[PDB]
Structures are given as C-alpha cells and as structure tokens.
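Just the one chain here, laid out as structure tokens, in the form deposited in one PDB entry.
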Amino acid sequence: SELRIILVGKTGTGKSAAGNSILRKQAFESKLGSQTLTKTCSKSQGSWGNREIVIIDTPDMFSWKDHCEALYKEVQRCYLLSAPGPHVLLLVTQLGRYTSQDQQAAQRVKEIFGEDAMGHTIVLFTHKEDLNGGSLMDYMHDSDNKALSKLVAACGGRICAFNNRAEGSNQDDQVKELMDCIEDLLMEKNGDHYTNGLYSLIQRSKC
C-alpha cells in the first residue's frame, strides 16, 4: 500500500537530499544556492519494508513571493501527482538555522495545501551531524527560536533529523526513525491521508 510524501520548505534546506535519503537512491538533484532554481515538481518512488514510498519534491517556485504566471498550473500538477492526498508533508529545515524565510515558506505551505496542512506535517531537520551524536529532542527542548517552537507546536511536536550525507546502517537508522514518526502520525489519523476541497474535486472526477 502506497505511502505518499510531499517535501516542502525553504530552498537550500536539504529537501531534495532528504528525498534521496528516504528512497536510498539518486532520485532528486541536490544543488548549491548558485544554481538555477526549479519550477516543476519531481516525483519518484521506491520501497521501504513491504511498502511503496512515493515522494513529490516541490519546486523552489512554491516559495516565491509576488505574481508568478507558472504557479497555479504547477500547484494543480502537484495535487494531481499526490492525489487523493499526501499521507505526510515533510517540512524541511536546517538544524539551528530556522529564519524568517523558513517562516514565510511555511506560510506558503498553508496557502497551497490549506490551513490544516500542519496536522499532517512532520518537521525534518537536516544537518543532524551538527548535534555531534546528541539528542534531537533535548536540543529542541532548549532551543530559543520562538518561531521554530511555534511551527513545531503546530505540527504536534512531530520532529525528526537526517544527516543527508549518511550512508550504510547510519542511513538505514535515520530513515527508520522517520518511518517510526510517520507510523505514529498515521496511527493518530486512523491511517487516513490528508485531504482538502481541491483533492476531493480530483478524486471525484475519476472512476
């Protein structure tokens, strides 16, 4: 049975890399800030355990401000690629580096996916290696970043961390932690995916 994940967040936080970590393959292209920004979603899939994992990597364009002709059609494409709705939105942020631009990117997520999207969101912190083997929960307990605390609260405290450069059993271990977070979220939601008005329209147009 399908597990559908949509990656969201500020550009450069490591979301394409996180997609690669989850799928254990080079599904999405990571890039430096100097490189061209993306305008189209990319979709890839793989297996974890007995389950098909399907991931949509949202374009950098979804974080842009002001008028953008391509946005509406590509948001429609994102919905069509994730229908009947994502099980999880993974809001990707770099550990210790949550800024006003992250806050704004999170607002774009609510605009695109709806006010209630945080109820199916997990906050994924990249650069886990910066913890030096320390507890993520303890780090977040002591974090003084007020905007980050508010986001994490809106996401029901659901958090996880990746070192996207991890390999081997270290990679397996961090992906397992994310799957454990997803298991608990889905349990709370009786296995349901996120939905909204627009996802409903799509679902009701198919036989």
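Position 1 is the first residue in the sequence shown; the rest follow in order. Shifts are known only where both forms have a C-alpha. C-alpha atoms forming the largest set that superposes within 1.5 Å between two forms make up the rigid core.
Just so you know, the form deposited in another entry exists too; it's not on screen, but the next bit is about it.
- Note: rigid core superposed between the shown form and the other one; among 39, 165, 176, 150, the CA shift is 2 Å or more only at 39.
- Here's the thing about residue 66 and residue 94: their CA atoms end up at least 3 Å closer in the other form than they are in this form.
- In the other form, the CA atoms of residue 33 and residue 11 move apart by 3 angstroms or more relative to this form.
- Every Cα shifting by 2 Å or more, across three or more consecutive residues, marks a moved region; comparing between the shown form and the other one on the rigid core, these regions are 31 to 39, 61 to 64, 66 to 69.
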